[PDB]
Ligand SMILES: [Au+]
Ligand SMILES: [Au+]
Ligand SMILES: [Au+]
Ligand SMILES: [Au+]
Ligand SMILES: [Au+]
Ligand SMILES: [Au+]
Ligand SMILES: [Au+]
Ligand SMILES: [Au+]
Ligand SMILES: [Au+]
Ligand SMILES: [Au+]
Ligand SMILES: [Au+]
Ligand SMILES: [Au+]
Ligand SMILES: [Au+]
Ligand SMILES: [Au+]
Ligand SMILES: [Au+]
Ligand SMILES: [Au+]
Ligand SMILES: [Au+]
Ligand SMILES: [Au+]
Ligand SMILES: [Au+]
Ligand SMILES: [Au+]
Ligand SMILES: [Au+]
Ligand SMILES: [Au+]
Ligand SMILES: [Au+]
Ligand SMILES: [Au+]
Ligand SMILES: [Au+]
Ligand SMILES: [Au+]
Ligand SMILES: [Au+]
Ligand SMILES: [Au+]
Ligand SMILES: [Au+]
Ligand SMILES: [Au+]
Ligand SMILES: [Au+]
Ligand SMILES: [Au+]
Ligand SMILES: [Au+]
Ligand SMILES: [Au+]
Ligand SMILES: [Au+]
Ligand SMILES: [Au+]
Ligand SMILES: [Au+]
Ligand SMILES: [Au+]
Ligand SMILES: [Au+]
Ligand SMILES: [Au+]
Ligand SMILES: [Au+]
Ligand SMILES: [Au+]
Ligand SMILES: [Cl-]
Ligand SMILES: [Cl-]
Ligand SMILES: [Cl-]
Ligand SMILES: [Cl-]
Ligand SMILES: [Cl-]
Ligand SMILES: [Cl-]
Ligand SMILES: [Cl-]
Ligand SMILES: [Cl-]
Ligand SMILES: [Cl-]
Ligand SMILES: [Cl-]
Ligand SMILES: [Cl-]
Ligand SMILES: [Cl-]
């Protein structure tokens, strides 16, 4: 009955709504991460800012998906947004570990949506994922792995601290 | 055990977390409102934009509250965000009615938080509500009542349409 | 006993004070008109603005008269300002009808003051009315008649609405 | 029956209309003060200008109140504006005394409206008074007391004139 | 006998003079803190500068209070300023602890002045505290708690130093 | 035990701390002078401003001395700051008399510190006094004597007022 809908499976429509939920959950998680690091007894405002920026990116992804849902003539359906998995997020290392786990769950969701879009022969969907999501996730996951390595190095030892300072201050 | 906390009741702390939830729910509602009006079979993009702007304002209010929670040494606690009350929002009139009901529920929540802050002799809280929330809500509710009146006039009759056009095009 | 007073009758002096009162009453009326249209259940802000501008013009006329009274060595005397004739002003059509009636009462007052100034052989008074009031009133009354005609056309019928839209949007 | 009205008592609504009247009366008083000082036999144009500026401020206060009345869903009701208490205002000292008495009556009215708003648990009203009226009145009353002191000094004696000139011309 | 004084209790007048003393004491304390960190055998000029800026803020607060005292028609009365509690201030951690204790004593004084102003039904006083003092203190106390946490982290351990460097140099 | 200290007597060190106290007392006195002239019943804002500027200069002198104390490796020690000698300061003439007495006490203190520095063969101290204090005091004392003469002339008589006006308005 939708007058623009063409080659748009009910399966993809549903999976897109689920991915919106996944992205909004991710944004909520990053909001909680950021405010934790803003606590006076944590007080790492740069970490708060890093996570605040990610909450925004994740919300923007959801909005992009919702725009696409309408462009294809699907019906956006919203579900409860579950609260984040933790109320306190431990150290910078713990938080960046939780963040890469999250990004990896979104990345797997995008890959699963491509597999569905391929099975449904929906190239507009594939193009959309490619254009806005797949490379963005890979780039973000690389940066977070980079961060994990640096944090481990900085917290580990004077040899690690040493090499980090040399790179940052001499190079 | 918080080293900055002063004159900040556990009651207000809790009510602030609940109000964050209320504001994030409101933002989610407005996201659903906006995307509904973006549907090709609805296609009122200006309405989508009006509600998109409100989703942003409501999120910003929640973020402001969360910032304040930390500034007072309270602990931000997040809860499930319930999905909006409807999946489809009817006419522009229905949506603007749902929106004023929502804003009125937030306004009542702010008034209830002032009553608690007064009972707890917490003037920083009162000041904060005054500075960022009370007048903003009143102004928004006035605009929405204005909108309700105009929509009713425009949809009602040629006499109503007539007066609207005169004001918009002659005055 | 006034050392600048020349050729300035007590009759004109009195009539000038009465006209000040008439102009301030008019300004008060337009204040009430404008705020009525600002009511959320009326919500024609352009009409509010049109009347707000007229309240200003009418006050300025009174101030001009008061300045002139002093320039001639008359004594400005103020009287009670009666409240406007109505508390609610009905439709845009009703309000613009009330406004033209008002302007016509001021115009008749100016004409009556010219007749007195002529009988008193006071050409400075005539010049003053000509320079600041007579043409202003005529222009305003023409605009209001124009408005009455347009409002009647717009509220009347699809043929009227039709012609208005053609003029506004095509021409 | 007003669709925006929330937490807005009939008592405050009425007191706001009365305060509008009080502010418009004040503006009318200052108009009479200013024109008196413009009389050729008085000829203190700076005093005329000081009072003209106050007539404007007082009108603006009334307009602010009327805007607020509508924003809260109250009904602006206008009453007769009584003419000022005097037709001639004596010396600069007499006029500035009459002016501080007036400002003190408005200030007391604002304080009485806060007491009512507090009894009615209306924090938007309190905020509004704070934001636009309480500090403005205090500042104005301080300036007028300053003026009274200076006028008394200047009119009093050569020792007073002396100190005024030293401050104005040397410092 | 003061010609501007209205609704200004002798109790608030006295408490304002005491708070001026409290603020000037605070400014003197911060002067001593800053010069200590300027000692060649301490040599933390950034800490000296942080405290120099606070000495200025505290003096400005006192001056603001004194201005307000005169605006209300109270009489500014000055008392001995006691010298700071210490002649030497230990480590950066010790000094920032002494500073938050101080700010908390000023904050409690402001809250006690609000309680008095409320008991005296003095809304201009409440507004003044809100506008210039309550939020400023909260913001300053949050920053100092942030500083305490960071200093403890940096002085504590290589894991703490590690996380601080990551936030500052990577994020 | 100070590693920079050279040719810096304990006698000068102590006298510098005492002079800091003297300068801060002077600044406090000028704060009280300035606020007195800001009283509505005094209302000489130019006098308030003149004294406010001097309070700043005196504080700056103390800060300069404290900086120098550290540059020489002395230990800044702060004492109680006694409140000013009066709570009310009479006429402009009385205040300017009190001010020149004060400046003369500071000037004598500087001269006494030079005598000590000379006896201690401390040329850096002499240079410092010369560079920042001796000429500044002389210039300030000359200006204040000038002011005393003018105030006496202006308050004295029409012949005095006469000559002042001629100089200010014709020359
Ligand atoms: Au954050
Ligand atoms: Au942040
Ligand atoms: Au694909
Ligand atoms: Au595909
Ligand atoms: Au770097
Ligand atoms: Au570096
Ligand atoms: Au570096
Ligand atoms: Au939208
Ligand atoms: Au939109
Ligand atoms: Au409150
Ligand atoms: Au409160
Ligand atoms: Au329009
Ligand atoms: Au139009
Ligand atoms: Au038009
Ligand atoms: Au209006
Ligand atoms: Au308007
Ligand atoms: Au005529
Ligand atoms: Au004539
Ligand atoms: Au047009
Ligand atoms: Au048009
Ligand atoms: Au058009
Ligand atoms: Au005037
Ligand atoms: Au004037
Ligand atoms: Au209030
Ligand atoms: Au209130
Ligand atoms: Au001056
Ligand atoms: Au002068
Ligand atoms: Au001069
Ligand atoms: Au310093
Ligand atoms: Au410094
Ligand atoms: Au208060
Ligand atoms: Au209060
Ligand atoms: Au940094
Ligand atoms: Au760094
Ligand atoms: Au770096
Ligand atoms: Au001053
Ligand atoms: Au001043
Ligand atoms: Au010397
Ligand atoms: Au020497
Ligand atoms: Au001069
Ligand atoms: Au002159
Ligand atoms: Au002159
Ligand atoms: Cl955040
Ligand atoms: Cl495909
Ligand atoms: Cl939207
Ligand atoms: Cl409170
Ligand atoms: Cl208006
Ligand atoms: Cl004629
Ligand atoms: Cl005027
Ligand atoms: Cl209240
Ligand atoms: Cl310092
Ligand atoms: Cl109060
Ligand atoms: Cl001062
Ligand atoms: Cl020497």
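Residue numbering in chain B adheres to Swiss-Prot, whereby the residues present occupy positions 2-172 in order.
Per the header of the entry, the method used was X-ray crystallography, 1.9 Å.
Even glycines carry a Cβ here, placed using N, Cα and C.
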Using Swiss-Prot as the reference, determine which range in B:46-53, B:54-61, B:62-69, B:70-77 is annotated region 'Catalytic site for iron oxidation'.
B:54-61
Within 8 Å of the Cβ centroid of the Fe cation site residues B:54, B:57, B:58, B:61, B:64, which other residues of the same chain have their Cβ?
B:28, B:55, B:56, B:59, B:60, B:62
Report, as numbers and ranges, which residues of the same chain sit near the region 'Catalytic site for iron oxidation' (B:54-61): CB under 8 Å and 6 or more residues beyond its ends.
24-25, 27-29, 31-32, 34-35, 100, 107, 137, 141
Report the member of B:54, B:57, B:61, B:64 (the binding-site residues) whose C-beta atom has the most other C-beta atoms within 10 angstroms.
B:64
State the Cα to Cα distance, in Å, between residue B:64 (Fe cation binding site) and residue B:2 (N-acetylserine), rounded to an integer.
24
Residue from B:54, B:57, B:58, B:61 whose C-alpha is spatially nearest that of residue B:2 (N-acetylserine), among the binding-site residues:
B:61
